[PDB]
Every structure is written in C-alpha cells, then in structure tokens.
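Engineer: Please work out how this folds:
(7 chains, ligands or ions: 4)
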Amino acid sequence: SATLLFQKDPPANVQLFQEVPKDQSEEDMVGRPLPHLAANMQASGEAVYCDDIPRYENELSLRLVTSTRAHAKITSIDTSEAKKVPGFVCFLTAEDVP
Amino acid sequence: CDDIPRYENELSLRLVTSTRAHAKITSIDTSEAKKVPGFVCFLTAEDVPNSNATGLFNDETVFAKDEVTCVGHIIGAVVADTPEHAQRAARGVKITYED
Amino acid sequence: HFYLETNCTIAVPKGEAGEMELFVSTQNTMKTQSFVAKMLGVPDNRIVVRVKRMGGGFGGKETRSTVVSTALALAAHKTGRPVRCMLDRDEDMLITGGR
Amino acid sequence: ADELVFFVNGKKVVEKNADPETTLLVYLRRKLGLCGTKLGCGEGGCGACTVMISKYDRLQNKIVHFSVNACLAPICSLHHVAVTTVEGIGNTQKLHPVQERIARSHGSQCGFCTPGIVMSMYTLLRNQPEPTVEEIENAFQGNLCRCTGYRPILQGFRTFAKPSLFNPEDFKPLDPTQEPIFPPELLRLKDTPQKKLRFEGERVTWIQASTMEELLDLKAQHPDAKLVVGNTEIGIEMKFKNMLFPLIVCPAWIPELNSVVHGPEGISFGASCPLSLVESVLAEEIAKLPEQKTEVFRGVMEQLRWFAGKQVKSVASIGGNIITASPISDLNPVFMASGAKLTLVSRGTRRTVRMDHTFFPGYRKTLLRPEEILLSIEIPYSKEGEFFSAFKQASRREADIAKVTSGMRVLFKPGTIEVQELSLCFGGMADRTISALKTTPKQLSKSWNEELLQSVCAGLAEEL
Amino acid sequence: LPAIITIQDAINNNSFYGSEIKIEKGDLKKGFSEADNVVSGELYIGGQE
Amino acid sequence: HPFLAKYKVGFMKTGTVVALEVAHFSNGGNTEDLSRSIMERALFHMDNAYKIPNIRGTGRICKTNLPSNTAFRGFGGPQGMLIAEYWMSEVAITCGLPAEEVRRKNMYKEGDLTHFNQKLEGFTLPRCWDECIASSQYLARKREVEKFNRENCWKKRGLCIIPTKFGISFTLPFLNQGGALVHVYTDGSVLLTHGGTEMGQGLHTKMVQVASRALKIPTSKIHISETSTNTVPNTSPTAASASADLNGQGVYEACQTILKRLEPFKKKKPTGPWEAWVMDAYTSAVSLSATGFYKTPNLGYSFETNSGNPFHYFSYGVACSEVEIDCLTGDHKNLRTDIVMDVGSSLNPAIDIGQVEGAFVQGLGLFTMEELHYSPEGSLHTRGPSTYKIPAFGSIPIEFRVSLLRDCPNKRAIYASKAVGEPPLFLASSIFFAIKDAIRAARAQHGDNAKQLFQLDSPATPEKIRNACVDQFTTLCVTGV
Amino acid sequence: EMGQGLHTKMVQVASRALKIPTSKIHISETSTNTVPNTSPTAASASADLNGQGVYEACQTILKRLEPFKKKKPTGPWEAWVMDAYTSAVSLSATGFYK
Ligand SMILES: Cc1cc2nc3c(=O)[nH]c(=O)nc-3n(C[C@H](O)[C@H](O)[C@H](O)COP(=O)(O)OP(=O)(O)OC[C@H]3O[C@@H](n4cnc5c(N)ncnc54)[C@H](O)[C@@H]3O)c2cc1C
Ligand SMILES: O=c1[nH]c(=O)c2[nH]c(=O)[nH]c2[nH]1
Ligand code: FES
Ligand code: FES
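Structural biologist: Numbering: from 1, shown residues only, chains lettered A, B, ... in the order given. Ligands and ions are numbered 1, 2, ... in the order given. Structure data below:
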C-alpha cells in the first residue's frame, strides 16, 4: 500500500430528515426543504453584494495603512511620496477624528 | 432630488409628447434619434411589461397607443447617456399624425 | 403651480427579484409605488419610494408626478441601470396641468 | 497597433487605451459593470473570479475553451479572444442547467463562490458534455467554498455524469447546441496575420510580440523587458511583492514557443505551452506507448495532478515554472532528475543544457543570460530498466504549495539490478532545486537491496 | 517596545484581560485522592481565519 | 482564539471520571473584544457530554501584541470540548477499555445538573448516540479497521465516535432579543424585515417560511429586501446560532398583530380572498403595519453563586468518522463520516442539513488543515489561500451521511425548532480523534507501548501526523541513529 | 415635506409627547418601506393625521419606559432608555390615526 498512487472511491452521500405531517397545507413550508430564496440569483451572478453596488460618479476609494511592528512608538509619519500619486486626496490619522 | 449625485452608469430620460390635441399616431420614425451620440433606446407602449393603464381612475396611458388625446400626451421616452443627448435624440423622433 | 422645483424622479434598479428604489419629488409615495408596481407587473413589496423634500407641491405633485415616475421606472427596469429625469419648466407646464 | 479588441458574452469590446496593469476581473466589474465575477483572494487560489475563454487555435484549426482566474489575467493578453462570464450563460429569466442544478440542489449558501463554480462546471461541459464523476471533482481544484461543505455541489452536478432534498428528474436537460456561437468576427479575423501590439499604461508598457524575431530583437535591445506568459507568477510579484516591470513582453502568440515536436529521445514542448497542454499531450502518449517508455511522463503527470487547478494550468506555461526557479517548484525536481534538455536562444545564439544542479546557481536564478529566453524543453522517454517516481507533500493534498517535492530516477545496467545512474532531486530543502549529489554517486554499481536503502537514507540524513 | 506575543510571554508578564474566570463544583482533593488513576497533560489548539 | 490547556483528570479503572481540573489560557490579541465571553463559553462546555462530580475549570485571557481575536462559529465551545475529548481519549487508553464505552458511561443522563448547575431536560444525546452507533455500523467497522491495520504497515485507519452538547443563547443575557417590522401593501403583498442579517445561513428563507405559516398566505406573497437600523433598531448581532430563534418569534408576533387587525374582515368574508381582507382593512382605515419583538425568558448565570441558567436549551449531536493516514507522508483520507444531529423540528431540513455539513467542514479544517504562522516578532505570515489551506472539494468525507433526529420537537423555540449554525462544528473532532487512533496504530507497528499517551496538538496537520508516526526514518532524521 | 414645515411640526409634537427636547429627535425622510399605504400630503390635513400618528407612537414608547421612570424618577432620559434596552424592552413602535 506504500507504493500505491493516491486514489479515491467515488462519493456515497445519504441525507435523512423527517417528512412534515401529511395533513399540513402545501402552502405551509415550515419543515419543508425550500431552497434558499436567493439561490437562483446567486447562481446567475445577479445577487448584489456590497462591492457590486455601482459607484457614484463622485465616489472615492480608501486604503488602510497598518503597523509593521508588534509594539512600538510612532516617531514620525511622512506622506510626501503618497502626495505625488495621481488622484491622491488625503491621509486620515487620529487627529482627523471629529 | 436632482442634487443627489449620479451613479457612474446612470442614464437620462426625456419624454416625447404629442404636438396634436386629438389624432391617430400613423407612424413613429426613430431613424434620426439613433444617429445622436449616446442614444440608448426609445420606449413606447410596446415596451411596457404588464399594464399600459395608469392614473387614479385607470383611464390614462403610461405611453400613447394608437391615438394622442392632448398636446403634451406622452407618446414615448428617449433614454441616453446625458440630458443634452436625450433632448437632441428626442428631437429626432418624427411622429406622423391623422387628426 | 409653478413649484420652483419641477417634477423629478431617479429610479435605481436593484437587479434582484424586481426590486427598485425611486427618489421622487412627489406628495404621493403610495400612488407612485402602486403605479410603478402595476406598470412593471411586480408586487408592491418590491418597490420603495423615498421622498426627502420637495421644492413646492401645491397639489401638482399629488398625482401628476407619476407620469415621470413610471416612464423612468420602466427605463431603469429595461436597462438594469439607474435612470433620471428632471422636467424642464416648459415640459413641466405642458404635461402636468393645473387648477 | 494600439487598439485592444476582444469579446465579452458575445459582445465586441474595443479598448483604445488599455493599461497593462488592468486585470480582466477589474475590467469586467468596473468597466463593463458585470459584477457576477467576484474578487475572493487576487492570488489565483479561490476561483471566485473564474470565467471562460474561447479562442481559435491557429495551430489546430479548432475553437478551444478553457477557464482562467480573471483576477490574474491581463486584458492586454486577451486580444482577439472571447470571454464568457456567469451573465453570459443564463439569468433568472432562463437559467443554464449548471445554474439551475447548483441552486436547486442547495449548493449555494452565501452565494459568493457560486458564479466561480458555475463557470468551472460550465467550462468542463463545453469541453466534455458527458464527464465522469472524477473529471467533475477535478473541475473544482481551483474553487473554494467556505459555507456548503461541498457535498451538495458535487451531488447536484453528478447528474451530468455518465424523503429527498431535491428532485433531479425536474431538472431541465442540457442541449449543447444551445450554447453561444463563437463570434464569427473572430473567425473572420483569424485570416489576418497577427501584428505586434503595444499598449502604454500609467507605469507599464506591454508588447504583444507576433514573431520570434520581434521577441529576440526586443530582448537584445532591452534585456530588462520582462517576459509574461500566464502571469501566474508575475501577477503575484506585482500585486503582492509590489515589484514593477515598466516594460513587459508577452510571447504567447509566437508559434515556436507553442509547438509540440516528437523526437527520438522524447517530446519537445515550446516554453509557452500551457501545463494543460503538457497534460493532454503526455496523457495520450501514456495511454498508447509502452509503460517502459513513459516513466518520466507519468512523473510529470503525477506532479500536475496536485498543481493548482484548471484555471492556473490553462494559462501557466511550462517555461514559466522553470524560469521562475522557485525553491518549491514541483516540476523542476522532475526535470532535473530526468536531465531534460532545455534550448536557450537569443538573437544570434542557440545552445542546449541538460537540466542539472548548475542550471540554478542561486535563489530564483538560472544560467540564462539577460538577453536569452527559454525556447523549449524536451521531456525524455524512459529506457529499458529506467524507473521514475515524483513526490509532493504540502499542508493540503490539492492546490497547495509543496513543503518537500521530489523527482527520482534510477537506470540499471541492462538485465541487472545494478545501478548505472541514480538522481534524487528536491524542492523545499534549500534556496533552490537541489540534487543529492553527495549521496547518489556512491550507489553506482550497487544492487537494489536493503543495503542500498540504508546507505541512501543515511546519505540523505547527513546531506540534506 | 517590549512585545508580548505568545500565551507564555503573557503569563510571564501577567498580561491578561481582567481576572481569572472560574467554575468549580464538588470536592477536588477528595476526588483525586479517591481515584484509581491520575493523568495530567497539556494541549495547544491553534486559531482559525 | 488559540487555547493552551493544562489538565489533570482522575478516574476509576472502569473509566468513570471522578475528578477533573483544567486551566485554560486564550490568546486574545491587542483589544479585549469578545475574548472574555468566549472564555466563558469554553468553561461552560469543558464537560462536553460528561458528568463530573468533582471539577474545577479556570480561564484567563492573555493580552498580547497580536491582532485582536474575535468570534468564530462555536465561540470557545470547540476549544473547550476538544480538551474534554483529549483527556477523555487518554482515560480510555489508560484504562484499556473501548473509547465508545468509556464515553457512554461518563455521559450525563436526563435530569442531571451541569458543572454550572443547569438541568438537562429533553436530553436527546443518548438517542443521537444509539442511532449513530447503528447507522454508522460502528462495531462492525471497528473490526474492519482492526483488520486493515494488521494487513498494512505504512497506511493505518482510525475510527472514532464523538458526542457534543452545545448551549444556545448569548452568554450576555440581554442580547437574547430581536425585532421585526411588517407592512402589508394594498395589493396584499407583504414586506418583512427583521434584525437578522443573511450571510448564507438561509435566515431570510426561514423567516419568510415562518411569516407564511403565521399569516396563512403563500411564501410568494412575502418579501425580505434587507436589514436596516432605521427599520429595526437596537439589534443584537446575527450570532450565537440564535438568530432564527429570536427573529422568528419577532416575525411571528408582528404577524399575529396583523391577523388580529384582519379578523373582523375575515369573519365578514371567510371564503373571500386575502387580497379582499386587506383592501377592506385599508378602506376601513385600519393600520396594515406592525412591529414585533421577543426576548428569551429566564436567562442569567452568576459566576459568584454558580446558579442561574445561561442557556435556553441545548443542541445535541454525534458524529462517527473513519480516516486512513499515510504513515510515510502525513497525508490522510477522510473515508466516511456519520452524523446524527438534533435540530428539533427543523424549520427547513435542506438548510439545516446545509449548516451541519458547512459547520462540520469548517471544524474539519480547524482540527486538521488550517494553520496560521507568525514571525517571532509577531507578523502574520499566512495571508492568503496559497499559505492558508481551508478544506477543498477533495477534503470532505468520501461517504458523508447526515441525519436530523426524528420526533424531537423543541417547545421553547419557534415552531419547535432548534438552532443549528455552531453546534455541529465540534463534531469534526471525530476526524481528529480517528487520526489519533490511526497514529497509535502506526506507533504500535514500531513496537510502541499502547497505553502511551503521545502528544497530538491541534491542528493535526501532515507535519504533526507524520512526526508522531515514529519509525526508522524519524529516528534517523532526529537522532542520527 | 414640500416647504410647509410639516417635519418641523411633527418634531414639535414628538418633543411634547415624549417630554424631551426637539434636539434629540430627527426626521430624515419619507418612505413606503417605513410607513405603508400613506394618503398623499394634501387637503391641508397632513399635520392633523401624522401629528396623531406621531403622538400615538410616542405614547407607546412612554408606556414601555414607565416602569424605568418609576424606579428612577429624576435620572435622565438616557438612563431610562439604556435600562429598557438592557431589560430587553422594545424601543420601536408604530402609530396610527383615523
Ligand atoms: C494559484 C496558484 C497555484 C500554483 N500552484 C503551483 C504548484 O502547485 N506548483 C508549482 O510549481 N507552481 C505553482 N504555481 C506557480 C505558477 O503557476 C507556475 O510557476 C507557472 O508555471 C508560471 O508560468 P507562467 O507562464 O504564469 O509564468 P509568468 O508568471 O508569465 O512568468 C514567470 C517567469 O517566467 C519568465 N518566463 C516565462 N516564459 C519564459 C521564457 N520562454 N523564457 C524565459 N523566461 C520566461 C518570466 O519572465 C517570469 O520571470 C502556482 C501559481 C498560482 C498563481
Ligand atoms: O454566546 C455567544 N455570544 C456571542 O456573542 C457569540 N457570537 C458567536 O458567533 N457565537 C456566540 N455565542
Ligand atoms: S479572486 Fe481568488 S482566484 Fe481570482
Ligand atoms: S456558499 Fe459561501 S463561499 Fe460558497
């Protein structure tokens, strides 16, 4: 068995669950396997997730700046290179918090 | 309302209206409207998914179907990228009437 | 009426389940909702009408706001894109009627 | 020229100012508003961005279909191809059977991975309308889902092969004739000779080279020109290591970099041949030729089983893997252990080297000169009494980075069990692909017995 | 500045969020002294993204 | 949260546990966040399924210069329970008795008090256990495993059956509340919203289902568009597996209010359609809009007196898993898993089976695949799928069997259902302990004492599995011998 | 709101009803998915109708806050509210008038 190249038997899946009472209305779906309501839209790529929302023509983009040290004092911050980037607007820090 | 910023993909609509008080719509020619840069489409009664019957007593058309019944009866709507382009395109919708 | 803000609708299609959101200068969110729903053939629970404020109504935006709202809702549904129409004064005065 | 022209969901796209840094995913979402294709990692591992490419293969006079990671596909590489996204195969008004079955079989929970998995499955079916259960699971090596635990996706799709949660009998059947046409405009355009293209972005110029002369002239004039083929390495260097190649040349169009030549000693693949093509070629040869001749081929195929998934292997080039020279390349140990013949050209020079330890002098370096490119690699037939194994162990079996990866070859003196040659090569044991050059020589002439097993193990323990 | 990374660095430096949380029931000294067998050990369980 | 545990268990030769002491430490990172409530939930589940007369657990949360750790499906329960099952595994081995018998005889019975003194009523775990035993064919397969292991030197199989108890309700009692708002428009269509958010668990699906029963109209007439702070304020997070419980009640109450207001119009036209009742209500100027609210009754535990019920009820389930390790590489196959899960009278068995499988596979990753590495100076190295290896298509049990327990209505939650999101995750520990079983067998194969309690930290990665399969190769590589 | 000062008036009403300053009450917009089936803003009626609605919505809240007010008759609004929240009492209410 040490020399065998990797091989898998095919899947064998069983899902057991209880049928609803037979006197239950066909319109009463509680206890029935109703697909996720957004399943089709989610298969079709029509379901909208946050970044799928179109941009406003005046919309800006934000990028967080994070520490590269586990524990340190911030001695200084230099934004001089950042300001040269086309479309640069501003760098927010603690002092901008209203 | 119009102070609300436009979405990047937002389109402009311009109504096209009857210039006769009572008349059958013989034909509609969008040929000039399509030459206008930005033109997307011309909406008419045929493009209404469900009901062309609107108004408080259900006696009004969303868009004119066969006859116009006032000067300013809404016949269709041009859709275009910008309002300037929607207006120009709207001028290129030539309508033929029979009073 | 000469409300200084003419009729205006933005319709924003949501891409799912016939959901649409309208921003409208109207005194009648309910009828705006109902008329757009029926025109599209979707239930009312899919249509949201939002009014922040109007630059005048005076009764002129009790019903006649919907002739713009419906045309625009349709354009948005059809294109999958936000659509906007604000009437020019000449348009508004011709289409929407008076006392 | 400078216009970039391709098709998306049947619709012609003309981009007049393509920026080499623009990925297909960003173009689809932000330029075309098609947000079905998702961003899940930007790294190539998650498949949330999977779309299908269709193109006319000039070398085979046929129309081909493959999946790619849109997050790693430069739009500048896609002149005269046709892209299919999730929006292209169906919608809620008319679901494609792929769409219907994943939905109805409860194979979509959060839904974010669903377009990706749908396009992997769809692409499978355009290539093989009746796949085996095995081919179906393999369609998803490059697709991750965090929600479903995978069972229902596979179960629902098993219907396409060969009290209940869903009813397969209610699924609409698939008619392959009803898929979108290949854009006739692209068949009209395949009658024109490919011209060199230049695209200029904010920071990067991209040259899509049409001929070997254009490529070699450019490398002679401008040796810093960075070759890009599949972008499955350079894409990561740019996005993640913030490296910038201001000049890129992409040679994927050049015939001699795409050729497959049968020779007396083995099979020569052009450097730009995708791994999926190496796979398809070697599989045919393995199935027809005698076992005795296909020991190295099977070595390569084994390593490719666990090499990312379909999306990466469709665009990842054989040459790309070799020149990247990662310490954990899964193929370089195999090429080294089989001493595969590499052909290196520049303008005005052609040479060959058997891959050995000297090919990789230092970290991520080869013995190529700045102005040289790798033209071809010959994967050899095995001889009588020549045996080969390949190995890989990572943290996960599928679509993982190797901890240790190996190629191993023995040639015996004919009719004996006495070693003539022995090559044991490893990734993941140094800053380069290495050969156990101290351990293997003292085994020459020894018999293949317990004493040899012990000598090598002790040798490897000290040497590595 | 001095960093505290691992659980052990934190124990070493008395770096906790708030105080010990505890549940106890019955009589431990008795239980242990009355058992046939005692087995002690340590387990580390990694996090998860 | 990573956990470190120090444990000492005392037990009889029968395997009966008579004393248990566990010190827990979590790595909380650089803000407090939910770290303390997580450690509470861990302490609440250090018993897992087992009655222990003399018991002491401590927990301390480490403050460190790492990113702040937070909630993850299970919320300290899985860490608590793996520890329980780890020493429990060692009790069985020390005792020379089968694992499944040692676990069964230490199991709580109906009416027992937990170490925190909550009574276990409607204790379905024994039924989960017996059904899983029979449906997994556990004893027969134990022999088949034994056999494979005699016949194979360099591959070994392992089989383990693990139970779980999981307390339902936020540990902070006042979070156990939720709200809904329902509008009926004059076309009869309903717009519903609640505080829950949809993240793939099919919550909106379940609430539409609930509302459709409550109002006695088709689900097609009810829509949910979104969650919004300006339709339902002051909402708890969608967490603690409880969101269907809380919002379901909320939705139900909003619906009852609307029914009460329609009942005069119903009485006047008992055959006439829904649409007519609504328009009749509208044109009689009755409000077609209502809120709904629910708070979970009678919760509140005190650490000081070790009294009060933290949970409204418990989830129970059992999983049997079989693995086959490759002793030479550390690779393994998950051959088969059998799960019996009590979700009460499921609101939606498709969705609940979905959550069992989803939860289980995340847990499978937690205990076998998923590993984060840091530099010694505390920088996360593992920052994408290239280095962080979550379960793939190929990772899941080849034969994967899930059963929802039959005939177990849970009175005190919406339409007799139970929460499902988190409780199944820990059951993937069954793969961890099956691997531990296979490792033992590989070790026995190289003349290792079989009451030897070798170390297996979690996750049980190829690295850890291979290194624990001590042989002539590991001995040479480490020792030089 | 079309310039007639309707929101101003309803804020004035809610302020008296709840006995808190107008500063603590805000109205952002009108929407079919917050209040359904609304009559048009018309017939000079809109302050009469909505004023009563607002009033009743405020009466419901006050009824829910009553017990927290009895326990702390002087302690401020903010305290009652946070108390009702931590006792799991709804702080949302519809109001209606015909
Ligand atoms: C998700 C993912 C999974 C992966 N899994 C694996 C794995 O399991 N095993 C493994 O080994 N690798 C793996 N890789 C690495 C990568 O897929 C391969 O190295 C790939 O073969 C690179 O091919 P490419 O054409 O994309 O190269 P590109 O990224 O286009 O170029 C790579 C390098 O090769 C040079 N180059 C390309 N062609 C030539 C030539 N003809 N002459 C000279 N230089 C040339 C380029 O200049 C560049 O320096 C993975 C990558 C991704 C993104
Ligand atoms: O008791 C819990 N409290 C929470 O806040 C929470 N969050 C979560 O995911 N699970 C749990 N459990
Ligand atoms: S976004 Fe994950 S592979 Fe492209
Ligand atoms: S369903 Fe959420 S990642 Fe696939």
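
Engineer: can you list the residues of chain D near ligand 3?
Structural biologist: D:39-49, D:69, D:71 (Cβ under 6 Å from any ligand atom). No exception for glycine: its C-beta is placed from N, CA and C like everyone else's.

Engineer: Most proximal residue of chain E with respect to chain A?
Structural biologist: residue E:3 (4.1 Å; Cβ to the nearest Cβ).

Engineer: In contact with whichever residue of the stretch 351-481 of chain F sits closest to ligand 3, which residues are there?
Structural biologist: At 7.0 Å from ligand 3, residue F:385 is the closest residue in the stretch 351-481 of chain F, using Cβ to the nearest ligand atom. By Cβ atoms under 8 Å, 6 or more residues apart in numbering or on different chains, the contact list for residue F:385 reads D:41, D:43, D:45-46, D:144.

Engineer: what's near enough to touch the residue lying closest to it once chain neighbours are set aside?
Structural biologist: Nearest non-adjacent residue to residue F:385, counting by Cβ to Cβ, 6 or more residues apart in numbering or on different chains: residue D:45, 3.1 Å away. By Cβ under 8 Å, 6+ apart, the contact list for residue D:45 reads D:142, D:144, D:308, D:399, F:384-386.

Engineer: now the helices for chain F?
Structural biologist: F:35-44, F:77-95, F:99-106, F:125-136, F:138-150, F:203-215, F:243-268, F:274-283, F:349-368, F:429-445, F:462-468, F:472-479 (DSSP state H).

Engineer: deepest of those helices, which one?
Structural biologist: helix F:349-368 (a mean of 27; mean count of other Cβ atoms under 10 Å in any protein chain shown).

Engineer: packing partners for it?
Structural biologist: For helix F:349-368, the elements it packs on are helix D:151-157, helix F:77-95, strand F:332-342, strand F:399-404, helix F:429-445, judged by 3 or more Cβ pairs under 8 Å, 6 or more residues apart in numbering or on different chains; DSSP states H and E.

Engineer: what would those look like in JSON lines with distance to ligand 4?
Structural biologist: Formatted as JSON lines, the helices and strands packed on helix F:349-368 follow (distance: least, Cβ to the nearest ligand atom, whole Å):
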{"stretch": "helix D:151-157", "distance to ligand 4": "8"}
{"stretch": "helix F:77-95", "distance to ligand 4": "20"}
{"stretch": "strand F:332-342", "distance to ligand 4": "19"}
{"stretch": "strand F:399-404", "distance to ligand 4": "17"}
{"stretch": "helix F:429-445", "distance to ligand 4": "21"}
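
Engineer: CSV for these, including distance to residue D:327?
Structural biologist: Formatted as CSV, these follow (distance: least, Cβ to Cβ, whole Å):
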stretch, distance to residue D:327
helix D:151-157, 35
helix F:77-95, 35
strand F:332-342, 26
strand F:399-404, 37
helix F:429-445, 29
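
Engineer: For residue F:286, which of the ones you listed is the nearest?
Structural biologist: Nearest to residue F:286, of all these, is strand F:399-404, at 41.0 Å by Cβ to Cβ.

Engineer: Can you pull the phi/psi pair for the residue most central in space within chain A?
Structural biologist: Nearest residue to the geometric centre of chain A (Cα atoms, centre = their mean): residue A:49, 8.2 Å. Dihedral pair for residue A:49: phi -110, psi 160, per degrees, to the nearest 10.

Engineer: I figured residue F:7 hits residue F:21, correct?
Structural biologist: Yes - with contacts defined as Cβ atoms under 8 Å, residue F:7 counts as touching residue F:21 at a distance of 7.0 Å.

Engineer: Quick check: neighbours shared by the two?
Structural biologist: Counting by Cβ under 8 Å, 6+ apart, residue F:7 and residue F:21 have no contacts in common.

Engineer: Mind checking if whichever strand or helix holds residue D:137 is in reach of chain A?
Structural biologist: For residue D:137, the element it lies in under DSSP states H and E is helix D:133-139. Yes - contact of helix D:133-139 with chain A (Cβ under 8 Å from any Cβ of the partner chain) involves D:133-134.

Engineer: Show residues contacting that helix.
Structural biologist: So helix D:133-139 is contacted by A:10-11, D:120-121, D:123-124, D:128, D:131, D:154, D:157-158, D:160-162, D:309-310, F:393-394 (Cβ under 8 Å, 6+ apart).

Engineer: repeat for stretch F:89-100
Structural biologist: So stretch F:89-100 is contacted by E:37, E:39, E:41, F:9, F:11, F:13-15, F:17, F:88, F:102-103, F:133, F:138, F:142, F:160-161, F:433, F:436-437, F:440, F:450-451, F:453 (Cβ under 8 Å, 6+ apart).

Engineer: Verify the stated contact: residue C:94 with residue B:17.
Structural biologist: Yes - at 6.8 Å, residue C:94 and residue B:17 qualify as touching, with contact defined as Cβ under 8 Å.

Engineer: count of neighbours near residue 5?
Structural biologist: Just going to use chain A. Using other Cβ atoms under 10 Å in any protein chain shown, residue A:5 is surrounded by 9 other residues.

Engineer: if you could check chain D rather than the one you did, that'd help
Structural biologist: Residue D:5, neighbours per other Cβ under 10 Å, totals 19.

Engineer: Now find how far off-centre stretch F:230-244 is within its chain.
Structural biologist: The chain centre lies 19 Å from the centre of stretch F:230-244; the measure is Cα atoms, centre = their mean, to the nearest Å.

Engineer: That stretch close to chain G?
Structural biologist: Yes - against chain G, stretch F:230-244 shows contacts by Cβ under 8 Å from any Cβ at F:230-234.

Engineer: Buried residues, stretch D:456-464. List them.
Structural biologist: D:456, D:459-461, D:463 (16 or more other Cβ atoms under 10 Å in any protein chain shown).

Engineer: Dump those to a markdown table, plus secondary structure and distance to residue F:364.
Structural biologist: Listed next are the buried residues of stretch D:456-464 as a markdown table, based on DSSP: H, G, I helix; E, B strand; the rest coil; distance: Cβ to Cβ, whole Å:
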| residue | secondary structure | distance to residue F:364 |
| --- | --- | --- |
| D:456 | helix | 37 |
| D:459 | helix | 39 |
| D:460 | helix | 33 |
| D:461 | helix | 34 |
| D:463 | helix | 37 |
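
Engineer: Of those, which is the nearest to residue F:272?
Structural biologist: residue D:460 (86.7 Å).

Engineer: Tell me who's in contact with that closest one.
Structural biologist: Residue D:460 neighbours (Cβ under 8 Å, 6+ apart): D:424, D:436, D:439.

Engineer: With residue D:408 as the reference, measure out to it.
Structural biologist: As judged by Cβ to Cβ, to the nearest Å, residue D:460 and residue D:408 stand 11 Å apart.

Engineer: what do the two both touch?
Structural biologist: residue D:424.

Engineer: The most centrally placed residue in chain C: what's its closest spatial neighbour, skipping adjacent residues?
Structural biologist: Centroid-nearest residue in chain C, with Cα atoms, centre = their mean: residue C:69, separated by 2.4 Å. Once flanking residues are discounted, residue C:69 sits nearest to residue C:9: 4.5 Å by Cβ to Cβ, 6+ apart.

Engineer: tell me the secondary structure for that neighbour?
Structural biologist: strand (DSSP: H, G, I helix; E, B strand; the rest coil).

Engineer: what's the spacing between it and ligand 1?
Structural biologist: 47 Å (Cβ to the nearest ligand atom, to the nearest Å).

Engineer: That residue touches residue C:84, doesn't it?
Structural biologist: Yes - the pair residue C:9 / residue C:84 is scored as a contact, 7.3 Å apart, by Cβ under 8 Å.

Engineer: where do the contact lists of the two overlap?
Structural biologist: Common neighbours of residue C:9 and residue C:84 (Cβ under 8 Å, 6+ apart) are residue C:72.

Engineer: quick one on the thing from earlier: could you give the bridge partners of the residue nearest to residue C:69?
Structural biologist: Note on residue C:9: beta-bridge partners by DSSP bridges are residue C:24, residue C:85.

Engineer: Enumerate every residue touching residue D:403.
Structural biologist: Residue D:403 neighbours (Cβ under 8 Å, 6+ apart): D:328, D:393-395, D:428, F:462-463.

Engineer: Ok, residue C:93 next?
Structural biologist: residue C:2.
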